[PDB]
Amino acid sequence: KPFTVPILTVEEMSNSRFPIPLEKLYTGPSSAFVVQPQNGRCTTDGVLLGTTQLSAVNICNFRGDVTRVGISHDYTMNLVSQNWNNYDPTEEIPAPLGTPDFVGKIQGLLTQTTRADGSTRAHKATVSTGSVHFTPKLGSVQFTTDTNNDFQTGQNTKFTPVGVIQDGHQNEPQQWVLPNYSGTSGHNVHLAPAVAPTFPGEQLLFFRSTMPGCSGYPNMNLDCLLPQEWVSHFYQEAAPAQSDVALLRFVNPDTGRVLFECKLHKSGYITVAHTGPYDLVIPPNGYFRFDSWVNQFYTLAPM
Amino acid sequence: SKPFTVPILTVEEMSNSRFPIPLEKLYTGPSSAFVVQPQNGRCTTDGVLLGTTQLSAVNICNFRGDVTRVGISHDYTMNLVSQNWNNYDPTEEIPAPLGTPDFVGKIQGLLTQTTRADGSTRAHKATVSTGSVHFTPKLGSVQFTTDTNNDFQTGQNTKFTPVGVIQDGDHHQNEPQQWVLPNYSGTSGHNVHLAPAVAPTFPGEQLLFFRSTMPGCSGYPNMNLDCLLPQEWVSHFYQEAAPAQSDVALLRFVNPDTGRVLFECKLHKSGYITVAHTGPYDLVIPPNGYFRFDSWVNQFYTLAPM
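Quick mapping for you: the protein sequence lines, in order, are chains A and B. Throughout the first sequence, residue numbering follows the deposited numbering, covering 225 to 392, 395 to 529 in sequence. Just so we're aligned, residue 224 is where the second sequence starts under the deposited numbering, counting upward by one.
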């Protein structure tokens, strides 16, 4: 089957690490730190990796029943799946699919329905993924909420993420630092691999969004390796990889001109020939086009 | 010419096209008491977007712009901008900005703001009532009720992220009203450039809906939300733009475990599905079931009964 990538523009696509649209393309050096996101990870022949699942609307969502911690404003959620069925901690994934893959404090609304009468309630809530109580691989996470009495036990409860917060500027979130999915009780397991360019003169190409900020002075940059729409495309097509590297051209259909070319690696990330940080300047109708399979030794034209 | 296909994603792997939440189930029911005229999740099979439909579920019922307090109240007017923060053009031939809510109800979420000069941020609970006379997205503004009367700054980028719906009053589940369109220009003018209403016409047929349950945030809301097409199907047809070789695409819903067909349905080229059933029914399906395009047929094709 012939390999292809979607023809959607950058602004028509969704971030694969948080439920927000893509905004722009960025490249920069990343030799000095580990790039190992767990969402937005898929091979070109459609194997999902890490905590990756198929729709952006599920990313950083949590579902379960909740119990108040003491008589505080904090609540423990005992996690269930997207469709309210069992989460199995022995499945060989790092954490439930869609679990946040960065250290930070995510604000949203915790909502609940009482099954017996259909009454509903919602409260502002924050989940700190750097907390010792962030233990989704064990099956639970803890929220700080704006109530100490309103949530009922044994009732379906959902967290919808909205944005990020900071305390003390732009020191958090840390988008390339993975949470400890088992807290202090164990090390992370079954991770999608860290990524790096292996070819001299190349850098990763990132698909960039700005997370909403909800308090303080947060770092709101969020970079993903693949748009969510590419994840879902590769998953469905499952086109065999004929080499380890697919050559893509970013084209302007208004002029037929190629703006730049890049390498899509079979294991699911893109590199460009550039040195230094750079915010790409792209036309509104630009899109990526697969042109050929190449080997690891192909030299890209400078971006 | 390019063969037509639908996605092989399962129902639970897909997203509602009318609110940013996952699909839960397939549902068919009678629609003669309603005008079914949603504006989101509208796309022809050859890839022409209709109504207010755009391409990602994460943008649906989101609003962006700058805000100004209404008097000394807890209400704020948002002067809308586009998704990428560029100016919104009210002269575009659409009913309202793409992604605008297409039902009458009260949507609760968080209104968030960044002050660009110093990177400071803030967020407050907020509700937009889409049946309000101040819901005028086609004119470029909507009004939010918030939990603050002083914290939002003027001239700063502000975003509403939707979460769920609320209800007020002794008549439980009386709102939202998912099949009642808002007045996108309020009292100023009638709605324009709408995607058309859809209805089954063939004897024994009903619409097939892709159904989600909206989170509820207060009161006793009706949380059912039905779309005509999953968001992934919209995106698929838009990209593929496979020509429609007849009025109707015959689909079979298949269990890939057994290869057995569970039911068949008619995907009309203007972008909605009918099935041969009468009455309310949650379809009984295996979780790995998916839709498969089998052949181009016509409006009068008589389906195997559900």
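We put the CB at the ideal spot given by N, CA and C, even for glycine.
Short Cβ contact (7 Å threshold) for residue i with residue j
i, j, result
"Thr314 (chain B)", "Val498 (chain B)", "no"
"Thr275 (chain A)", "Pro226 (chain A)", "no"
"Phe516 (chain B)", "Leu474 (chain B)", "yes"
"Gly442 (chain A)", "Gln400 (chain A)", "no"
"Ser458 (chain A)", "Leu246 (chain A)", "no"
"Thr344 (chain A)", "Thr337 (chain A)", "yes"
"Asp312 (chain B)", "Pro261 (chain B)", "no"
"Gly342 (chain A)", "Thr384 (chain A)", "no"
"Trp519 (chain B)", "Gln468 (chain B)", "yes"
"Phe460 (chain A)", "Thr268 (chain A)", "yes"
"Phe476 (chain B)", "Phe433 (chain B)", "no"
"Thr369 (chain A)", "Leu334 (chain A)", "yes"
"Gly288 (chain B)", "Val304 (chain B)", "yes"
Residue interval of the beta strand (DSSP E) (run including residue i)
i, result
"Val471 (chain B)", "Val471 to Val477"
"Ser518 (chain B)", "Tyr513 to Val520"
"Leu334 (chain A)", "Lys329 to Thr337"
"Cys266 (chain A)", "Segment: none, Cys266 (chain A) is in no beta strand (DSSP E) and carries neither H nor E."
"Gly442 (chain B)", "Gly439 to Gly442"
"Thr436 (chain A)", "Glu428 to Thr436"
"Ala499 (chain A)", "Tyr495 to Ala499"
"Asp449 (chain A)", "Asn447 to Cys450"
"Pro385 (chain A)", "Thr381 to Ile389"
"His491 (chain A)", "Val484 to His491"
"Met301 (chain A)", "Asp298 to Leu303"
Beta carbon proximity, residue i to chain B, threshold 7 Å
i, result
"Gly378 (chain A)", "no"
"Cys284 (chain A)", "no"
"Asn310 (chain A)", "no"
"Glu236 (chain A)", "yes"
"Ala472 (chain A)", "no"
"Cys440 (chain A)", "yes"
"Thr369 (chain A)", "no"
"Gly288 (chain A)", "no"
"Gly354 (chain A)", "no"
Three-way DSSP call (helix, strand, coil) for residue i in this model
i, result
"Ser458 (chain B)", "helix"
"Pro245 (chain A)", "strand"
"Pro360 (chain A)", "helix"
"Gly274 (chain B)", "coil"
"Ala346 (chain B)", "strand"
"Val351 (chain B)", "strand"
"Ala418 (chain A)", "coil"
"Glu236 (chain B)", "helix"
"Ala280 (chain B)", "helix"
"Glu463 (chain A)", "helix"
"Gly409 (chain A)", "helix"
"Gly252 (chain B)", "coil"
"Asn310 (chain B)", "strand"
"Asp289 (chain A)", "strand"
"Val229 (chain B)", "coil"
"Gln396 (chain B)", "coil"
"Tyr504 (chain B)", "strand"
Short CB-CB distance (under 7 Å) between residue i and chain A
i, result
"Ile231 (chain B)", "yes"
"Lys248 (chain B)", "no"
"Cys488 (chain B)", "no"
"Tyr407 (chain B)", "no"
"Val477 (chain B)", "no"
"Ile244 (chain B)", "yes"
"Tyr524 (chain B)", "no"
"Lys382 (chain B)", "yes"
"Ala346 (chain B)", "yes"
"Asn263 (chain B)", "no"
"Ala465 (chain B)", "no"
"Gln400 (chain B)", "no"
"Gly270 (chain B)", "no"
"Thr251 (chain B)", "no"
"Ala280 (chain B)", "yes"
The ligand COA heavy atom lying under 6 Å from the CB of residue i
i, result
"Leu448 (chain A)", "You won't find the ligand COA in this model; it holds no ligand whatsoever."
Contact belief for residue i with residue j at Cβ below 8 Å, rounded distance in angstroms
i, j, result
"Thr381 (chain B)", "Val290 (chain B)", "5 Å"
"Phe242 (chain B)", "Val365 (chain B)", "Actually they do not touch by this definition, with Cβ atoms about 16 Å apart."
"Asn372 (chain A)", "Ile496 (chain A)", "Contact flag wrong, Cβ pair sits at about 47 Å."
"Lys248 (chain A)", "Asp470 (chain A)", "Wrong, their Cβ atoms sit about 28 Å apart, outside the cutoff."
"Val386 (chain B)", "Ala346 (chain A)", "7 Å"
"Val259 (chain A)", "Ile330 (chain A)", "Incorrect: roughly 20 Å between the Cβ atoms, too far for contact."
"residue 179 (chain B)", "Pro253 (chain B)", "Residue 179 (chain B) lies beyond the residue range present for chain B, which begins at 224 and ends at 529; the question has no answer from this structure."
"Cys488 (chain B)", "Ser240 (chain B)", "In fact, because the Cβ distance is near 17 Å, the residues do not count as touching under 8 Å."
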